[PDB]
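Just below is one structure, and these are the notes that go with it.
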Amino acid sequence: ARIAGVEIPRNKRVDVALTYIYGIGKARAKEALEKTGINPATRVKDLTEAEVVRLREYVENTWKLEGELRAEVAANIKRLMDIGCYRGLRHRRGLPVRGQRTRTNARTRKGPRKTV
Amino acid sequence: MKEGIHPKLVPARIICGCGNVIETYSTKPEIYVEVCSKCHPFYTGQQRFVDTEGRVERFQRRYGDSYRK
Amino acid sequence: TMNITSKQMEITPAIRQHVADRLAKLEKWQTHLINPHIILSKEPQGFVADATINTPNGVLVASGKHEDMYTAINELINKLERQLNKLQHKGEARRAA
Amino acid sequence: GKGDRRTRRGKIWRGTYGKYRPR
Amino acid sequence: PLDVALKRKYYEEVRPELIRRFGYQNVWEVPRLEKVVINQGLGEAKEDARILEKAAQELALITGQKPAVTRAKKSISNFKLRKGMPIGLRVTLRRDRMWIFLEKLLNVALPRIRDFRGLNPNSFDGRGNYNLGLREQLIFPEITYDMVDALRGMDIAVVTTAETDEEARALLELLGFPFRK
Amino acid sequence: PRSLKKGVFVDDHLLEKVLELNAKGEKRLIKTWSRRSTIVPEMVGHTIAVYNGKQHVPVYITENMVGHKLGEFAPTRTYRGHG
RNA sequence: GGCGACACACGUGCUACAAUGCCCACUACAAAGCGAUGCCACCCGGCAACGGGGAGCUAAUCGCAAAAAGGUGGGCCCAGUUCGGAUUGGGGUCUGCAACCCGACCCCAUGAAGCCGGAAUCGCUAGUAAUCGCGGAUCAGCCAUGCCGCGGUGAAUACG
RNA sequence: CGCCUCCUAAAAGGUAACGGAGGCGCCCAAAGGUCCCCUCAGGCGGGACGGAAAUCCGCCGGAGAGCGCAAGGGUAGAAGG
Ligand SMILES: [Mg+2]
Ligand SMILES: [Mg+2]
Ligand SMILES: [Mg+2]
Ligand SMILES: [Mg+2]
Ligand SMILES: [Mg+2]
Ligand SMILES: [Mg+2]
Ligand SMILES: [Mg+2]
Ligand SMILES: [Mg+2]
Ligand SMILES: [Mg+2]
Ligand SMILES: [Mg+2]
Ligand SMILES: [Mg+2]
Ligand SMILES: [Mg+2]
Ligand SMILES: [Mg+2]
Ligand SMILES: [Mg+2]
Ligand SMILES: [Mg+2]
Ligand SMILES: [Mg+2]
Ligand SMILES: [Mg+2]
Ligand SMILES: [Mg+2]
Ligand SMILES: [Mg+2]
Ligand SMILES: [Mg+2]
Ligand SMILES: [Mg+2]
Ligand SMILES: [Mg+2]
Ligand SMILES: [Mg+2]
Ligand SMILES: [Mg+2]
Ligand SMILES: [Mg+2]
Ligand SMILES: [Mg+2]
Ligand SMILES: [Mg+2]
Ligand SMILES: [Mg+2]
Ligand SMILES: [Mg+2]
Ligand SMILES: [Mg+2]
Ligand SMILES: [Mg+2]
Ligand SMILES: [Mg+2]
Ligand SMILES: [Mg+2]
Ligand SMILES: [Mg+2]
Ligand SMILES: [Mg+2]
Ligand SMILES: [Mg+2]
Ligand SMILES: [Mg+2]
Ligand SMILES: [Mg+2]
Ligand SMILES: [Zn+2]
C-alpha cells in the first residue's frame, strides 16, 4: 500500500504512475512533482525513499483521495437523491443525469440490453 | 517451543515515514512502513487532513446578499 | 427484429401481435427473415398491408389491399410466401444441362 | 482523440480553445 | 523474558490507572491479557491449491510462531465440504509473543488499514473479550506486496481476565487500542 | 450555470411574497409559476406550490435544498416504467 | 409544461478499439467565404472558458486566422495502456428577462464499453475512394457529429 | 420362504396369524492389538471474505452427539476423537 493506500505501478514514469490513484489525473500529477521537486521522467522503481516520502507526504495532505474521495461523491449523490431534486431522481432510477436523450442509447447508465 | 518449525524473533526497528522509529521484535531486523500511530490522522488528535471545511455548504454559500428587501 | 408501422391509424398490441402470428407462416421455408417491416394503412377503398423483408437470398417486397384489414394482411402474406418460395427454389431450376 | 476535449486534438475538433489548446 | 515496550507499558501505566479507575482490592483482580488467538478461516483452500503452506508461512512471519491447521467437524454440501478437510489455521499467541504481536498490531498494522476509522466499540464479549477481523495481511510490517500471492484476512481474539465488558474496554483502550466511538 | 458576476436569479414577484411572509410572521402555501427561480435562504421552511404544467406541486423547503431551482422538486414527467 | 419521456426495435452518422499509432514542443503549405449594438488585431487579468482594455476595416487594404494531416525534436513500449473518451462528482465562464425540465464552453476529478464486429449490407473507376482541416447559410446561444461548399495529401483495381 | 432388530408377548424364558414397522446376504490392513493423550451435540455472545450451518474466542451445556449400515440395548469413570 505505497501512496496513498494504493501501490502505484513501479516500472512506469512517476507522472503516469500517480494517475493510478483515485483522484489524481494528468494535472494533479504534474502539480505534485513540481511541488515536491522531482523528475517526472524517473521510474517509480528509481525513487529515493526520501523522494517517495515527499511525494507521499504532499499528495496525501493536498488532495482528498481514494476511499475518502469516493465517500464524498457518494455523500453528494446520497443527499441529492434524498432532497428529491430532479438530478437526484435520475440517480434514484439509475438513469442519465445530464439531460441526455433516452429514446435510444443511454447504455452506460442503463447497462447492456434488457429484452422485452 | 518446538525446534525447527518457528521463525526466529530478533530485535527489530520499524521505521515510519513520519521519521518515527519503533524498538520491537520481528522476523526481520529492519522494516520501513509508510504510516504509524504517531502520524495517523485518526490517532493524531483529530488531524482533519485535507478537509477542514466546516461542511462548508450549503447555507454557507454566500455570493451574496445583493438580492433586495 | 419485428417492426410494424401503423400509418394514420391507431392499432392495438393485440392487432400487432396478430401480424407477428401471420408473418410467422414464412418461417416454414427455414431461412433468415431479416428485419422484416410491416406497414398498415387505410386508403378510402380499404386497408393496405405493405411489407419489406430481406432474407439471405433476396428481398420480399409486397402489398395487400382489401375492404377488410385482416384479409389484407393475409393477402399480403400470400404474396410474401409466393415470392419467398420463388427465391428458395429458383436456383434449382437449372441443374441440367 | 478527437473526442477527448482534454487534448490539443480534441479542441481543434470541438472548435474551441483552453489549457490543452491555447491561442 | 523480554523487555518489550508495550509489556512494560502495561505494568507501568495501565496497571495503576486501572486500579485507580475501578479500585481493585487485589493484585490478581486487575485485568490481564490471557491470550491472543489468531485465526484464518480460509477454506479458499478447500480443494483448489490446498497448498496454504503459503499462508502458514505468512502467519509464521507475523506472529513469529507456526500456525496449526484446523479441519472441518462435519461434511457440508453448499460450501463443498467433506469432513476432515484443511480449511483454517490457528496460532495461539501467549506471553512475550502475544505482546510483541499486539505491539506491532497497534503501532503499525491498524494504522496501515485502508480508511481506518477506529476499532469497533461493540465487538466486545459481554464476558470481557474482544474480537476483530482483518481483510488483508498486507497490514503487518512483515508482509510486503512482493511476497503475497492473494489477499487473505483473519480473525483476532484477544482474551482478558476481566469479568466485564466495561473493565476490558479500559484495559485495551489504555494499552492503546484505538476505538472509534 | 448562471454567471457569478450577474445575480442569483429570482423573479422579483416571488421574492416579494416571500419577504411579506417573513415580516407578518409566516406561513401559508405559496402558488407560483416560477420553476426558474432559485430557492433562496429566506425561503427555508415555507411550503411553496410549484407549477409543473398541470399541477401546483407542494414543496416544503429545507436548509439542504438551497441553491437549487424551484422546478427541481416539482417533476414534469409521469413515469411508472414499461410493460 | 411538452415536442428532449425510455422495458424495447430500426435507419443515418460521430468517435474509437491503437505503434502506418497516441501525447508534449518547436516549425511549415491552402482555397472558398464571412464580417457596423459586425469581424475584432495588439496589450492586460485569469491554468482556461472568458473578462477588461483597445487599434484597424463600409473591407484584394483591416479582422475572423490557427489551416490540419505534413516536417524536426522529445516522451509512451503492446499493456483495456500516455489506447479509448462514455459516465458521474465538483468548480467556473458566456448568451439570454430566464439554462429545473433543457444550451454551449472551460478546468479538477471520474476514466465505461470497446481487442476490428453474426446473419446480412453500403460507397467509390482518378485527383475518385480513403484520410485532413477551413468557410457558409440558419443563428442571441445552441444540442452541427447534420447540410451546402472549399482546398490539402492522395491510392487499389476492371479477366470479363 | 433363510438371517437381524422392535412391537404384539399378559414385568423370568418361550409364545401365533397372509398381525404392526424396519434391516441383512456386507465391511474395516484399520474400522484390528496395546500405550499415552483428548471429550460431545446444542444454545447465547463476539469475529474479514463467511451465509441457518466452514474455521476462531468466551460463557452455559451429563449427554439429547458419536459409535461404518436397521433397530434395540449399551456407552464420556468411553465403546467416542
Ligand atoms: Mg487517477
Ligand atoms: Mg444534450
Ligand atoms: Mg432527454
Ligand atoms: Mg407501396
Ligand atoms: Mg465546421
Ligand atoms: Mg458488545
Ligand atoms: Mg474475560
Ligand atoms: Mg506491509
Ligand atoms: Mg418548453
Ligand atoms: Mg422533434
Ligand atoms: Mg442495433
Ligand atoms: Mg451523427
Ligand atoms: Mg455566421
Ligand atoms: Mg480501464
Ligand atoms: Mg472488456
Ligand atoms: Mg487510458
Ligand atoms: Mg485518451
Ligand atoms: Mg492490443
Ligand atoms: Mg471493418
Ligand atoms: Mg480502422
Ligand atoms: Mg462495423
Ligand atoms: Mg482518425
Ligand atoms: Mg451559430
Ligand atoms: Mg440364510
Ligand atoms: Mg417378549
Ligand atoms: Mg417384552
Ligand atoms: Mg418376556
Ligand atoms: Mg409373563
Ligand atoms: Mg431356557
Ligand atoms: Mg490410527
Ligand atoms: Mg475400535
Ligand atoms: Mg491405535
Ligand atoms: Mg459450540
Ligand atoms: Mg456466531
Ligand atoms: Mg460477516
Ligand atoms: Mg458463524
Ligand atoms: Mg445417540
Ligand atoms: Mg442404513
Ligand atoms: Zn508515523
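Just so we're on the same page: first chain in the C-alpha cells is A, next is B, and so on; residues restart at 1 for each chain, and ligands are numbered from 1 in the order they show up.
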
Check which residues fall inside 10 Å of ligand 32 when counting only C-alpha atoms (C1' of nucleotides) and all ligand atoms, and print them as a PDB file with N, CA and C atoms (P, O5', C5', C4', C3', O3' and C1' of nucleotides), in the first residue's frame.
```pdb
ATOM      1  P     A H  30      -4.329 -49.023   6.247  1.00  0.00           P
ATOM      2  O5'   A H  30      -5.636 -48.749   7.090  1.00  0.00           O
ATOM      3  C5'   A H  30      -5.676 -48.097   8.351  1.00  0.00           C
ATOM      4  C4'   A H  30      -7.046 -48.337   8.959  1.00  0.00           C
ATOM      5  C3'   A H  30      -7.277 -47.885  10.404  1.00  0.00           C
ATOM      6  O3'   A H  30      -8.668 -47.687  10.607  1.00  0.00           O
ATOM      7  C1'   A H  30      -7.570 -50.198  10.278  1.00  0.00           C
ATOM      8  P     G H  32     -10.661 -50.521  14.920  1.00  0.00           P
ATOM      9  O5'   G H  32     -10.017 -51.918  15.390  1.00  0.00           O
ATOM     10  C5'   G H  32     -10.709 -53.145  15.215  1.00  0.00           C
ATOM     11  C4'   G H  32      -9.781 -54.328  15.253  1.00  0.00           C
ATOM     12  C3'   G H  32      -8.808 -54.333  16.405  1.00  0.00           C
ATOM     13  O3'   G H  32      -9.356 -54.897  17.572  1.00  0.00           O
ATOM     14  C1'   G H  32      -7.639 -54.695  14.394  1.00  0.00           C
ATOM     15  P     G H  33      -9.088 -54.149  18.958  1.00  0.00           P
ATOM     16  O5'   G H  33      -7.585 -54.585  19.258  1.00  0.00           O
ATOM     17  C5'   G H  33      -7.291 -55.884  19.703  1.00  0.00           C
ATOM     18  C4'   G H  33      -5.863 -56.033  20.151  1.00  0.00           C
ATOM     19  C3'   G H  33      -5.386 -55.064  21.227  1.00  0.00           C
ATOM     20  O3'   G H  33      -5.737 -55.460  22.552  1.00  0.00           O
ATOM     21  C1'   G H  33      -3.831 -55.115  19.472  1.00  0.00           C
ATOM     22  P     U H  34      -6.170 -54.324  23.615  1.00  0.00           P
ATOM     23  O5'   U H  34      -4.777 -53.710  24.052  1.00  0.00           O
ATOM     24  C5'   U H  34      -3.742 -54.472  24.630  1.00  0.00           C
ATOM     25  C4'   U H  34      -2.501 -53.636  24.621  1.00  0.00           C
ATOM     26  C3'   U H  34      -2.649 -52.267  25.273  1.00  0.00           C
ATOM     27  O3'   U H  34      -2.384 -52.371  26.649  1.00  0.00           O
ATOM     28  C1'   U H  34      -1.644 -52.040  23.160  1.00  0.00           C
ATOM     29  P     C H  35      -2.713 -51.206  27.682  1.00  0.00           P
ATOM     30  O5'   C H  35      -1.733 -50.038  27.272  1.00  0.00           O
ATOM     31  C5'   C H  35      -0.455 -49.955  27.872  1.00  0.00           C
ATOM     32  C4'   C H  35       0.253 -48.721  27.397  1.00  0.00           C
ATOM     33  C3'   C H  35      -0.390 -47.389  27.735  1.00  0.00           C
ATOM     34  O3'   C H  35      -0.078 -46.969  29.043  1.00  0.00           O
ATOM     35  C1'   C H  35       0.293 -47.406  25.477  1.00  0.00           C
TER      36        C H  35
END
```

task = Could you give me, as a PyMOL selection string, the residues within 9 Å of segment 21-29 of chain A, counting only C-alpha atoms (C1' of nucleotides) and dropping anything in the same chain fewer than 4 positions from it?
result = (chain A and resi 3-8+14-17+33-34+40+59+63-67+69-70) or (chain G and resi 108-110)

Keeping only N, CA and C atoms (P, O5', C5', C4', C3', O3' and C1' of nucleotides), write the selected residues to a file as a PDB file, in the first residue's frame.
```pdb
ATOM      1  N   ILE A   3       1.387   4.730  -1.930  1.00  0.00           N
ATOM      2  CA  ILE A   3       0.859   6.114  -1.807  1.00  0.00           C
ATOM      3  C   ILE A   3      -0.407   6.315  -2.654  1.00  0.00           C
ATOM      4  N   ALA A   4      -1.522   6.760  -2.082  1.00  0.00           N
ATOM      5  CA  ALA A   4      -1.811   6.715  -0.661  1.00  0.00           C
ATOM      6  C   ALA A   4      -2.888   5.645  -0.406  1.00  0.00           C
ATOM      7  N   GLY A   5      -2.414   4.470  -0.017  1.00  0.00           N
ATOM      8  CA  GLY A   5      -3.253   3.309   0.194  1.00  0.00           C
ATOM      9  C   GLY A   5      -3.088   2.370  -0.997  1.00  0.00           C
ATOM     10  N   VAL A   6      -2.715   2.949  -2.146  1.00  0.00           N
ATOM     11  CA  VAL A   6      -2.606   2.186  -3.381  1.00  0.00           C
ATOM     12  C   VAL A   6      -1.128   2.042  -3.711  1.00  0.00           C
ATOM     13  N   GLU A   7      -0.744   0.909  -4.301  1.00  0.00           N
ATOM     14  CA  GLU A   7       0.648   0.731  -4.725  1.00  0.00           C
ATOM     15  C   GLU A   7       0.791   1.023  -6.210  1.00  0.00           C
ATOM     16  N   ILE A   8       1.146   2.278  -6.472  1.00  0.00           N
ATOM     17  CA  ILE A   8       1.330   2.832  -7.806  1.00  0.00           C
ATOM     18  C   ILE A   8       2.336   2.023  -8.606  1.00  0.00           C
ATOM     19  N   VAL A  14       6.846   8.182 -12.968  1.00  0.00           N
ATOM     20  CA  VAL A  14       6.100   8.583 -11.780  1.00  0.00           C
ATOM     21  C   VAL A  14       4.929   9.501 -12.087  1.00  0.00           C
ATOM     22  N   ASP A  15       4.958  10.186 -13.226  1.00  0.00           N
ATOM     23  CA  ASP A  15       3.843  11.064 -13.570  1.00  0.00           C
ATOM     24  C   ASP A  15       2.616  10.264 -14.039  1.00  0.00           C
ATOM     25  N   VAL A  16       2.875   9.202 -14.795  1.00  0.00           N
ATOM     26  CA  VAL A  16       1.844   8.258 -15.195  1.00  0.00           C
ATOM     27  C   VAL A  16       1.394   7.403 -14.034  1.00  0.00           C
ATOM     28  N   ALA A  17       2.332   7.059 -13.164  1.00  0.00           N
ATOM     29  CA  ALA A  17       2.069   6.121 -12.083  1.00  0.00           C
ATOM     30  C   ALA A  17       1.129   6.739 -11.072  1.00  0.00           C
ATOM     31  N   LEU A  33       4.612  16.696  -8.574  1.00  0.00           N
ATOM     32  CA  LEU A  33       6.016  16.507  -8.929  1.00  0.00           C
ATOM     33  C   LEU A  33       6.820  17.800  -9.014  1.00  0.00           C
ATOM     34  N   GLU A  34       6.138  18.925  -9.239  1.00  0.00           N
ATOM     35  CA  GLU A  34       6.775  20.247  -9.152  1.00  0.00           C
ATOM     36  C   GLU A  34       6.918  20.618  -7.673  1.00  0.00           C
ATOM     37  N   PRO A  40       9.662  13.959 -13.249  1.00  0.00           N
ATOM     38  CA  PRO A  40       8.545  13.137 -13.753  1.00  0.00           C
ATOM     39  C   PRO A  40       8.984  11.994 -14.670  1.00  0.00           C
ATOM     40  N   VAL A  59       1.000  14.744  -1.393  1.00  0.00           N
ATOM     41  CA  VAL A  59      -0.230  14.284  -2.022  1.00  0.00           C
ATOM     42  C   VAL A  59      -1.331  13.895  -1.054  1.00  0.00           C
ATOM     43  N   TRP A  63      -4.688  16.768  -1.409  1.00  0.00           N
ATOM     44  CA  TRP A  63      -5.957  16.384  -2.031  1.00  0.00           C
ATOM     45  C   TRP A  63      -6.729  15.255  -1.361  1.00  0.00           C
ATOM     46  N   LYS A  64      -8.062  15.354  -1.412  1.00  0.00           N
ATOM     47  CA  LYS A  64      -8.961  14.296  -0.917  1.00  0.00           C
ATOM     48  C   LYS A  64      -8.944  13.124  -1.889  1.00  0.00           C
ATOM     49  N   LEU A  65      -8.801  11.916  -1.338  1.00  0.00           N
ATOM     50  CA  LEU A  65      -8.425  10.750  -2.155  1.00  0.00           C
ATOM     51  C   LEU A  65      -9.125   9.409  -1.875  1.00  0.00           C
ATOM     52  N   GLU A  66      -8.651   8.414  -2.631  1.00  0.00           N
ATOM     53  CA  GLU A  66      -9.124   7.035  -2.641  1.00  0.00           C
ATOM     54  C   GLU A  66     -10.496   6.839  -2.020  1.00  0.00           C
ATOM     55  N   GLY A  67     -10.552   6.191  -0.858  1.00  0.00           N
ATOM     56  CA  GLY A  67     -11.830   5.990  -0.203  1.00  0.00           C
ATOM     57  C   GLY A  67     -12.538   7.257   0.254  1.00  0.00           C
ATOM     58  N   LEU A  69     -12.371  10.261  -0.968  1.00  0.00           N
ATOM     59  CA  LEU A  69     -12.995  10.925  -2.108  1.00  0.00           C
ATOM     60  C   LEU A  69     -14.305  10.220  -2.472  1.00  0.00           C
ATOM     61  N   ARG A  70     -14.257   8.906  -2.714  1.00  0.00           N
ATOM     62  CA  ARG A  70     -15.459   8.151  -3.109  1.00  0.00           C
ATOM     63  C   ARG A  70     -16.625   8.364  -2.132  1.00  0.00           C
TER      64      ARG A  70
ATOM     65  P     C G 108      -7.566  20.264 -16.134  1.00  0.00           P
ATOM     66  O5'   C G 108      -8.052  19.897 -14.663  1.00  0.00           O
ATOM     67  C5'   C G 108      -7.363  20.394 -13.531  1.00  0.00           C
ATOM     68  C4'   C G 108      -7.946  19.871 -12.241  1.00  0.00           C
ATOM     69  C3'   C G 108      -8.178  18.371 -12.152  1.00  0.00           C
ATOM     70  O3'   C G 108      -7.012  17.622 -11.882  1.00  0.00           O
ATOM     71  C1'   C G 108     -10.087  19.486 -11.382  1.00  0.00           C
ATOM     72  P     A G 109      -6.846  16.162 -12.529  1.00  0.00           P
ATOM     73  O5'   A G 109      -8.073  15.369 -11.890  1.00  0.00           O
ATOM     74  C5'   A G 109      -8.100  15.107 -10.496  1.00  0.00           C
ATOM     75  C4'   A G 109      -9.433  14.562 -10.031  1.00  0.00           C
ATOM     76  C3'   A G 109      -9.926  13.273 -10.676  1.00  0.00           C
ATOM     77  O3'   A G 109      -9.231  12.102 -10.274  1.00  0.00           O
ATOM     78  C1'   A G 109     -11.713  14.779 -10.534  1.00  0.00           C
ATOM     79  P     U G 110      -9.038  10.860 -11.298  1.00  0.00           P
ATOM     80  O5'   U G 110     -10.537  10.412 -11.597  1.00  0.00           O
ATOM     81  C5'   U G 110     -11.365   9.905 -10.557  1.00  0.00           C
ATOM     82  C4'   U G 110     -12.744   9.558 -11.062  1.00  0.00           C
ATOM     83  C3'   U G 110     -12.817   8.485 -12.136  1.00  0.00           C
ATOM     84  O3'   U G 110     -12.729   7.167 -11.604  1.00  0.00           O
ATOM     85  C1'   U G 110     -14.184  10.332 -12.752  1.00  0.00           C
TER      86        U G 110
END
```

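Closest to chain B among E:17, E:115, E:167, E:149 is E:115, based on only C-alpha atoms.
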
query = Out of chain C, which residues get helix (DSSP H, G or I) from DSSP, as a ChimeraX atom specification?
reply = /C:13-29,69-94

inquiry  = Residues of chain F were defined as contacting chain B if any atom lay at most 7 Å from it, counting only C-alpha atoms; please report them as an NGL selection string.
reply    = :F and (41 or 63-64 or 66)

Please, could you write that set of residues out with N, CA, C and O atoms as a short mmCIF file (atom, residue, chain, number, x, y, z; two decimals), in the first residue's frame?
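The new file part10.cif reads:
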```
data_model
loop_
_atom_site.label_atom_id
_atom_site.label_comp_id
_atom_site.auth_asym_id
_atom_site.auth_seq_id
_atom_site.Cartn_x
_atom_site.Cartn_y
_atom_site.Cartn_z
N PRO F 41 -32.18 31.64 0.60
CA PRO F 41 -32.04 31.28 2.02
C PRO F 41 -33.22 31.73 2.89
O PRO F 41 -33.51 31.10 3.90
N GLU F 63 -33.03 23.43 4.56
CA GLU F 63 -31.72 24.02 4.51
C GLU F 63 -30.77 23.28 3.53
O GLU F 63 -29.77 23.85 3.06
N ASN F 64 -31.07 22.02 3.19
CA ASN F 64 -30.16 21.31 2.27
C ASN F 64 -30.51 21.49 0.80
O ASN F 64 -29.67 21.25 -0.08
N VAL F 66 -31.07 24.39 -0.85
CA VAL F 66 -31.00 25.87 -1.00
C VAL F 66 -30.59 26.47 -2.36
O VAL F 66 -31.31 27.30 -2.89
#
```

Test item: residues no farther than 10 Å from ligand 2, counting only C-alpha atoms (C1' of nucleotides) and all ligand atoms, as a list in words =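 Those within range of ligand 2 are residues 98, 99, 100 and 101 of chain A; 4, 102, 103, 104, 142 and 143 of chain G.
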
Taking only C-alpha atoms (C1' of nucleotides) and all ligand atoms into account, list the residues no farther than 12 Å from ligand 11, as a PDB file with C-alpha atoms (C1' of nucleotides), in the first residue's frame.
```pdb
ATOM      1  CA  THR A 104     -32.088   5.314 -27.930  1.00  0.00           C
ATOM      2  CA  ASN A 105     -28.606   4.901 -26.463  1.00  0.00           C
ATOM      3  CA  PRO A 112     -26.296  -3.553 -21.766  1.00  0.00           C
ATOM      4  CA  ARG A 113     -29.602  -4.515 -23.434  1.00  0.00           C
TER       5      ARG A 113
ATOM      6  CA  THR C   1     -36.422  -7.902 -35.231  1.00  0.00           C
ATOM      7  CA  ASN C  35     -35.543  -7.031 -40.242  1.00  0.00           C
TER       8      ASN C  35
ATOM      9  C1'   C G   8     -37.523  -2.167 -26.249  1.00  0.00           C
ATOM     10  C1'   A G   9     -36.716  -2.296 -32.218  1.00  0.00           C
ATOM     11  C1'   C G  10     -34.885   0.011 -36.936  1.00  0.00           C
ATOM     12  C1'   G G  11     -32.276   3.771 -40.297  1.00  0.00           C
TER      13        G G  11
END
```

Shell of 10 Å around ligand 17 (only C-alpha atoms (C1' of nucleotides) and all ligand atoms), written as a VMD selection string = (chain D and resid 1 to 7 10) or (chain G and resid 22 to 23 81 to 85 111)

inquiry  = Need the shell around segment 81-94 of chain A: protein/DNA/RNA residues with any atom at most 10 Å away, counting only C-alpha atoms (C1' of nucleotides). Skip same-chain ones fewer than 6 positions apart. Format as a ChimeraX atom specification?
reply    = /A:75,109-111 /F:61-65,68-76 /G:88,100-101

Dump as a PDB file, in the first residue's frame, selection limited to N, CA and C atoms (P, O5', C5', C4', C3', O3' and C1' of nucleotides):
```
ATOM      1  N   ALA A  75     -21.748  10.590  -0.747  1.00  0.00           N
ATOM      2  CA  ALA A  75     -22.476  11.509   0.127  1.00  0.00           C
ATOM      3  C   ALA A  75     -23.186  12.600  -0.697  1.00  0.00           C
ATOM      4  N   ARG A 109     -25.365   4.286 -18.578  1.00  0.00           N
ATOM      5  CA  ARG A 109     -26.126   4.429 -17.351  1.00  0.00           C
ATOM      6  C   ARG A 109     -27.008   3.191 -17.163  1.00  0.00           C
ATOM      7  N   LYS A 110     -27.669   2.767 -18.244  1.00  0.00           N
ATOM      8  CA  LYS A 110     -28.661   1.672 -18.212  1.00  0.00           C
ATOM      9  C   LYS A 110     -28.101   0.266 -17.968  1.00  0.00           C
ATOM     10  N   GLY A 111     -26.938  -0.052 -18.539  1.00  0.00           N
ATOM     11  CA  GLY A 111     -26.415  -1.411 -18.586  1.00  0.00           C
ATOM     12  C   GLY A 111     -26.727  -1.966 -19.960  1.00  0.00           C
TER      13      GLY A 111
ATOM     14  N   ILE F  61     -39.520  23.417   1.750  1.00  0.00           N
ATOM     15  CA  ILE F  61     -38.093  23.715   1.539  1.00  0.00           C
ATOM     16  C   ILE F  61     -37.228  23.507   2.796  1.00  0.00           C
ATOM     17  N   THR F  62     -36.061  22.896   2.601  1.00  0.00           N
ATOM     18  CA  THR F  62     -35.118  22.647   3.690  1.00  0.00           C
ATOM     19  C   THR F  62     -33.777  23.334   3.470  1.00  0.00           C
ATOM     20  N   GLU F  63     -33.029  23.426   4.557  1.00  0.00           N
ATOM     21  CA  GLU F  63     -31.720  24.024   4.507  1.00  0.00           C
ATOM     22  C   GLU F  63     -30.768  23.276   3.534  1.00  0.00           C
ATOM     23  N   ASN F  64     -31.070  22.023   3.185  1.00  0.00           N
ATOM     24  CA  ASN F  64     -30.155  21.310   2.274  1.00  0.00           C
ATOM     25  C   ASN F  64     -30.507  21.492   0.796  1.00  0.00           C
ATOM     26  N   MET F  65     -31.750  21.910   0.542  1.00  0.00           N
ATOM     27  CA  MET F  65     -32.214  22.188  -0.819  1.00  0.00           C
ATOM     28  C   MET F  65     -32.144  23.686  -1.232  1.00  0.00           C
ATOM     29  N   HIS F  68     -30.618  25.190  -5.242  1.00  0.00           N
ATOM     30  CA  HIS F  68     -31.308  24.546  -6.375  1.00  0.00           C
ATOM     31  C   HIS F  68     -32.449  25.406  -6.917  1.00  0.00           C
ATOM     32  N   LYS F  69     -33.001  25.041  -8.082  1.00  0.00           N
ATOM     33  CA  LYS F  69     -34.142  25.797  -8.613  1.00  0.00           C
ATOM     34  C   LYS F  69     -35.430  25.257  -8.013  1.00  0.00           C
ATOM     35  N   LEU F  70     -36.533  25.940  -8.270  1.00  0.00           N
ATOM     36  CA  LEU F  70     -37.810  25.505  -7.731  1.00  0.00           C
ATOM     37  C   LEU F  70     -38.288  24.244  -8.447  1.00  0.00           C
ATOM     38  N   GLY F  71     -38.269  24.286  -9.781  1.00  0.00           N
ATOM     39  CA  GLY F  71     -38.708  23.177 -10.614  1.00  0.00           C
ATOM     40  C   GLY F  71     -38.008  21.836 -10.417  1.00  0.00           C
ATOM     41  N   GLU F  72     -36.869  21.846  -9.744  1.00  0.00           N
ATOM     42  CA  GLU F  72     -36.174  20.610  -9.476  1.00  0.00           C
ATOM     43  C   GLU F  72     -36.977  19.707  -8.559  1.00  0.00           C
ATOM     44  N   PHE F  73     -37.981  20.245  -7.886  1.00  0.00           N
ATOM     45  CA  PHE F  73     -38.679  19.449  -6.863  1.00  0.00           C
ATOM     46  C   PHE F  73     -40.151  19.225  -7.189  1.00  0.00           C
ATOM     47  N   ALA F  74     -40.547  19.767  -8.341  1.00  0.00           N
ATOM     48  CA  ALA F  74     -41.849  19.523  -8.950  1.00  0.00           C
ATOM     49  C   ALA F  74     -41.629  18.900 -10.337  1.00  0.00           C
ATOM     50  N   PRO F  75     -41.540  17.553 -10.383  1.00  0.00           N
ATOM     51  CA  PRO F  75     -41.401  16.733 -11.591  1.00  0.00           C
ATOM     52  C   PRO F  75     -42.403  17.090 -12.683  1.00  0.00           C
ATOM     53  N   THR F  76     -41.909  17.137 -13.917  1.00  0.00           N
ATOM     54  CA  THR F  76     -42.748  17.493 -15.065  1.00  0.00           C
ATOM     55  C   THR F  76     -43.329  16.250 -15.763  1.00  0.00           C
TER      56      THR F  76
ATOM     57  P     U G  88     -24.218  11.039 -16.696  1.00  0.00           P
ATOM     58  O5'   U G  88     -23.584  11.334 -15.258  1.00  0.00           O
ATOM     59  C5'   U G  88     -23.924  10.517 -14.145  1.00  0.00           C
ATOM     60  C4'   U G  88     -22.899  10.548 -13.033  1.00  0.00           C
ATOM     61  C3'   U G  88     -22.594  11.907 -12.434  1.00  0.00           C
ATOM     62  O3'   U G  88     -23.613  12.431 -11.604  1.00  0.00           O
ATOM     63  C1'   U G  88     -20.581  10.770 -12.772  1.00  0.00           C
ATOM     64  P     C G 100     -30.685  25.678 -14.469  1.00  0.00           P
ATOM     65  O5'   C G 100     -31.732  24.482 -14.314  1.00  0.00           O
ATOM     66  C5'   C G 100     -31.611  23.616 -13.193  1.00  0.00           C
ATOM     67  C4'   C G 100     -32.709  22.585 -13.084  1.00  0.00           C
ATOM     68  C3'   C G 100     -33.190  21.931 -14.374  1.00  0.00           C
ATOM     69  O3'   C G 100     -32.299  20.921 -14.841  1.00  0.00           O
ATOM     70  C1'   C G 100     -35.055  22.566 -13.061  1.00  0.00           C
ATOM     71  P     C G 101     -32.053  20.715 -16.422  1.00  0.00           P
ATOM     72  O5'   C G 101     -33.439  20.108 -16.893  1.00  0.00           O
ATOM     73  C5'   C G 101     -33.915  18.890 -16.337  1.00  0.00           C
ATOM     74  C4'   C G 101     -35.376  18.701 -16.632  1.00  0.00           C
ATOM     75  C3'   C G 101     -35.758  18.644 -18.105  1.00  0.00           C
ATOM     76  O3'   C G 101     -35.546  17.372 -18.687  1.00  0.00           O
ATOM     77  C1'   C G 101     -37.171  20.174 -17.003  1.00  0.00           C
TER      78        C G 101
END
```

ask   = Can you list, as a PyMOL selection string, every protein, DNA or RNA residue that comes within 12 Å of residue 44 of chain C when you count only C-alpha atoms (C1' of nucleotides), leaving out same-chain residues fewer than 2 positions away?
value = chain C and resi 41-42+46-48+65-68

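Interface residues on chain G toward chain F (cut-off 8 Å, only C-alpha atoms (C1' of nucleotides)): residues 1, 5, 7, 93, 94, 98, 99, 100 and 101 of chain G.
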